[PDB]
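> Experimental structure and its sequence below.
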Amino acid sequence: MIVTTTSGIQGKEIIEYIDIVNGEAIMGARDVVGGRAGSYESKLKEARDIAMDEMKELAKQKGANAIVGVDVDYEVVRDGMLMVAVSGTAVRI
Amino acid sequence: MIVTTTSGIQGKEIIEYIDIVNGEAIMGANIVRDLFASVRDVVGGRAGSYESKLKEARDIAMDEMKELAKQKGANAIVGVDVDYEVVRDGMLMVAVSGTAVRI
Amino acid sequence: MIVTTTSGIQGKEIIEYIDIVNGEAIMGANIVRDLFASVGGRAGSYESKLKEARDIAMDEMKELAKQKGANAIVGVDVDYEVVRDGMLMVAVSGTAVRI
Amino acid sequence: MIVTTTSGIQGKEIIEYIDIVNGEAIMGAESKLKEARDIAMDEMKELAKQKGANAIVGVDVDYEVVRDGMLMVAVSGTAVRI
Amino acid sequence: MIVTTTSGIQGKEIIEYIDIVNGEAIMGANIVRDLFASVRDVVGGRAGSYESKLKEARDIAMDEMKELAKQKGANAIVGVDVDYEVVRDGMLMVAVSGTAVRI
């Protein structure tokens, strides 16, 4: 199933814009370092995937086979906690 | 009513761009532990987790946006964006914006 | 005059991109408990004041757009950020165009 | 040089997408906010021009309080040829 | 590789949408402090330096996103967004996202 940060699936007609769906993960409460320095996946991959799984599960719940126009937001939330929040429009194609 | 975070509705022409519409809601304060107060604080309101309350606040901000759009004679809202910001004393704000359109 | 968050306008040709235009406003301070100071301005809730500031920001942007001889703003975006010790700045951005 | 927040120019095909370009201005220590935004935008345009671009599309502005009293404004965009 | 903040490649149809890809970089507090140059007014990121003081963080974020995309068999990344956020004790994070595609 296609998940894209773009407005449409080039080649495919959208049958229905079903709903806007979201997912969120709250992560735990001269050196510039990459997110994958010293590890195979990025430190935020677990958070990001939890957030995207929730969004995908909801979309699937709503009869979607695709999710377009997705955005990722990051906010430091509670006592230091990182939230990753993902939003997108569930569609039938 | 069609609501999308994309810049258009494939299949339909936009007959008129009516206006830009917004909705916000701030979460309720912490009560104790992972318990958080109702976003909408009058008889009925439900306490719960940070995530269930965040989702509630995002649902009210959304519904406020849709109610304004409908007041303006819109049948669709395109180019919807969500924004999150921690404001006064740790409460989370959810703000939603989009363009109300006739299709 | 058309103002829109979409990247374009349907059915109408842009004959000229003029300039990116912006507006901003900072929310007034907290008075007491849930009451916030106007940005004969009225005190209100956080959300009421927030809406007021966003309205001022949007008007300021349109104002700048019209004076540059535009009749439309496209690709509009709203940004929020807490500023000088607890106080929500709104900032609106857009592309002023001739249609 | 046409600069726009839209993702596209009208009556003008993009023939090269050169790079994403960025500008930033740092303040503190509303009118100075405008100055900052201008410095960020001018810095991004300069880079775009030096890269061989004649337009910048999909422009976005971000605002961040890096410390306290310091506000950063960052603009990002795609440098293109039309 | 074409990297673009736009939602498509004018002139080129997208034949496959592979994955959303992300890259990030994190700046130490010690370093963020060495960009409080604003001891006077407003200064550009390129005042007194060749490349912007944040360019290295962005380039590391962008490199990781691209390396990932490339490994997934993509030859372009579209709908790119850059995000900034202050986390833990004053470190600055720059995060980038986009859709890895095949054209």
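All right, it came through fine. Numbering: from 1, shown residues only, chains lettered A, B, ... in the order given.
> Just checking stretch A:32-51 against chain B, any contact.
No. Against chain B, stretch A:32-51 shows no contacts by C-beta under 8 Å from any C-beta of the partner chain, the least distance being 10.8 Å. C-beta coordinates here come from the backbone N, C-alpha and C atoms, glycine included.
> Kindly export that stretch (C-alpha atoms) in CSV.
Coordinates of each C-alpha in stretch A:32-51 appear next as CSV, following Å, rounded to 0.1, in the frame of the first residue of the first chain:
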residue,chain,number,x,y,z
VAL,A,32,27.1,17.3,15.0
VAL,A,33,26.0,13.6,14.8
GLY,A,34,23.7,11.9,12.3
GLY,A,35,20.7,9.9,13.5
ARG,A,36,22.4,6.7,12.1
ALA,A,37,25.8,7.3,13.5
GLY,A,38,26.9,4.2,15.3
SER,A,39,23.7,2.3,14.6
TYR,A,40,22.0,0.5,11.7
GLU,A,41,18.7,2.4,12.0
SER,A,42,18.0,5.9,13.1
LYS,A,43,17.4,6.4,16.8
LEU,A,44,13.9,7.8,16.0
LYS,A,45,12.9,4.9,13.7
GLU,A,46,11.0,3.1,16.5
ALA,A,47,9.0,6.2,17.3
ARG,A,48,8.4,7.0,13.7
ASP,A,49,7.3,3.5,12.8
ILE,A,50,4.9,3.3,15.8
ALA,A,51,3.4,6.6,14.6
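> and it, which residues are buried?
A:32-36, A:42-44, A:47-51 (16 or more other C-beta atoms under 10 Å in any protein chain shown).
> Most widely separated two among these?
The most widely separated members of the buried residues of stretch A:32-51, counting by C-beta to C-beta, are A:32 and A:50 (26.4 Å).
> Closest to chain D out of the buried residues of stretch A:32-51?
residue A:32 (14.4 Å; C-beta to the nearest C-beta).
> So which of the buried residues of stretch A:32-51 reach chain D?
Within the buried residues of stretch A:32-51, nothing lies near chain D by C-beta under 8 Å from any C-beta.
> which one in chain A is furthest away from the centre?
Note on chain A: the largest C-alpha distance from the chain mean falls to residue A:30, namely 31.6 Å (C-alpha atoms, centre = their mean).
> Just give the nearest non-adjacent residue to that residue, would you?
Excluding the flanking residues, the one nearest residue A:30 by C-beta to C-beta, 6 or more residues apart in numbering or on different chains is residue E:31, at 5.8 Å.
> give me the element that neighbour is part of.
Applying DSSP states H and E as the criterion places residue E:31 in helix E:29-33.
> list the helices and strands that helix packs on?
strand E:91-102 (3 or more C-beta pairs under 8 Å, 6 or more residues apart in numbering or on different chains; DSSP states H and E).
> So which other helices or strands are in contact with the strand it packs on?
Counting by 3+ C-beta pairs under 8 Å, 6+ apart, the packing neighbours recorded for strand E:91-102 are strand A:66-76, strand E:16-27, helix E:29-33, helix E:55-71, strand E:76-87.
> what about 7 Å?
strand E:16-27, helix E:29-33, helix E:55-71, strand E:76-87 (3 or more C-beta pairs under 7 Å, 6 or more residues apart in numbering or on different chains; DSSP states H and E).
> In the sheet, which residues pair with residue A:71? Tell me.
Judged by DSSP bridges, the bridge partners of residue A:71 are residue A:87.
> Next, count neighbours for it.
Counted by other C-beta atoms under 10 Å in any protein chain shown, the residues lying close to residue A:71 total 19.
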